[PDB]
Amino acid sequence: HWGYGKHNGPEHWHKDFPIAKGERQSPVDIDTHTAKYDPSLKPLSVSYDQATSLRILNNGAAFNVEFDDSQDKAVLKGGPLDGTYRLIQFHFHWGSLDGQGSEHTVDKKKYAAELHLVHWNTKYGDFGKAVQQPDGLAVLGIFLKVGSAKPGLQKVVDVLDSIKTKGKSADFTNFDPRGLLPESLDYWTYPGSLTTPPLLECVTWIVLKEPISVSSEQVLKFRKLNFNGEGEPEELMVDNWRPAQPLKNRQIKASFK
Ligand SMILES: [Zn+2]
């Protein structure tokens, strides 16, 4: 099955998922000089104060922190978006080394990791319906660089010991995702896809310009997770990122000058 090894990694995915070679695949390199400021873009509205986190899961590709998405408790609106998008989960992609790990790049620069807050368009009623629509999902992407610790990340880091292997989960209530944001909400946006199979072309990407800083110790703990299940040969969960894909017939817009 698909993964991030030499034998089943991103360069192989097209055989099972031909949309991998589609017209709006993600991630992409963000060429900052080519993106254009769009004065018609609105500020992002990130309304997370009523978010209800539930659980943290190792799914064999990353770990997801899942939220109650049965009501409009944590929603993304504004920016390039038409309508209301509910937070369902967040997860990260990261590297084996601090100089790689992000999926998007900025003028070809790779960050140590990238956080994805995944939201679905409530007009489609459920996530499974939303992913079948060109405007079904909105993903907020945030780069991580290594420097000072991110205080609001530590609760996530500290629970990882308990979800080491694929299939493990733990309670993860009362977590506030506002603690994972940078100061500025300036962003780039473009139409794209899921970055894991099934690679569906259903995402409005909103990638924040300002990275968050996390400490070396925080990211080192991500790298102790396992892709494998319990009792199987250990394969460290590292380099779980898809490389940049061709931009094709797309323009990246900036919310800032
Ligand atoms: Zn992701």
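Rank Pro197, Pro18, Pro177 by mean-square fluctuation in a GNM of the chain with C-alpha springs under 10 angstrom and give only the top-ranked residue. Between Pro197, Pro18, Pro177, it is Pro18 that shows the largest mean-square fluctuation.
What's the longest piece of the chain with no exposed GluC sites (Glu not before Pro), counting a site as exposed if DSSP puts it in a loop and it has at most 16 other beta carbons within 10 Å?
24-182
Taking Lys and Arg as +1 and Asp and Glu as -1, the other residues whose beta-carbon sits under 11 Å from that of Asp38 total +4.
For the chain, a crude dipole built from +1 on the beta carbon of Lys and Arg and -1 on the beta carbon of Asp and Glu, taken about the Cα centre, is about 480 debye to the nearest 20. Sites listed here are trypsin sites (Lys or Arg not before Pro) in region 96-200 whose DSSP assignment is loop and whose Cβ has at most 14 other Cβ atoms within 10 Å: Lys108. In region 1-133, taking the dipole from charged Cβ atoms about the Cα centre, the farthest positive-side position among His33, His1, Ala62 is held by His1. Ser213 sits among other residues whose Cβ lies under 13 Å from its own Cβ, and their net charge, with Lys and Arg +1 and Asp and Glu -1, is -2. Sum up the charges of everything whose Cβ sits under 13 Å from the Cβ of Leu57, counting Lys and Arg as +1 and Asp and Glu as -1, but leave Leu57 out. So the surrounding residues net to +2. Around the Cα centre of region 11-93, unit charges on the Cβ atoms of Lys, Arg, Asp and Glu (plus for the first two, minus for the last two) sum to a dipole of about 60 debye. A 24 angstrom limit on the alpha carbon distance is what I want to check against. Which of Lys108/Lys166; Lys108/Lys257; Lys21/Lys145; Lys150/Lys224; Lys150/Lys221 exceed it? Checking Cα-Cα distances, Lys108/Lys166; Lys21/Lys145 exceed 24 Å.
Largest GNM mean-square fluctuation among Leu153, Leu87, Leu115, using the chain with Cα springs under 10 Å: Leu153. GNM on the chain, alpha-carbon springs under 10 angstrom: the most fluctuating residue among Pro43, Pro27, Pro191 is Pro43.
One Cα centroid belongs to region 92-146, the other to region 231-248; the line between them spans 14 Å. Among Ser162, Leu180, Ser53, whose Cα lies farthest out toward the positive end of the dipole of the chain, if unit charges sit on the beta carbon of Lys, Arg (+1) and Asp, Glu (-1)? Farthest towards the positive end: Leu180. Taking 0.36 nm per residue of separation and subtracting the Cα-Cα distance, full extension of the segment from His14 to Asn174 would add 53.7 nm. Of interest is the spacing of the C-alpha centroids, which for region 1-18 and region 163-214 amounts to 22 Å. About its Cα centre, the dipole of region 24-67 is roughly 100 debye, where the only charges are +1 on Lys and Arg Cβ and -1 on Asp and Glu Cβ. Compared with the alpha-carbon gap, the fully stretched path from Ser45 to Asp158 is longer by 37.7 nm at 0.36 nm per residue.
As a convention, Cβ positions derive from the backbone with ideal geometry for all residues, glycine included, and neighbour counts pool all protein chains shown. Bear in mind that the values in this text are calculations on the coordinates, not laboratory data.
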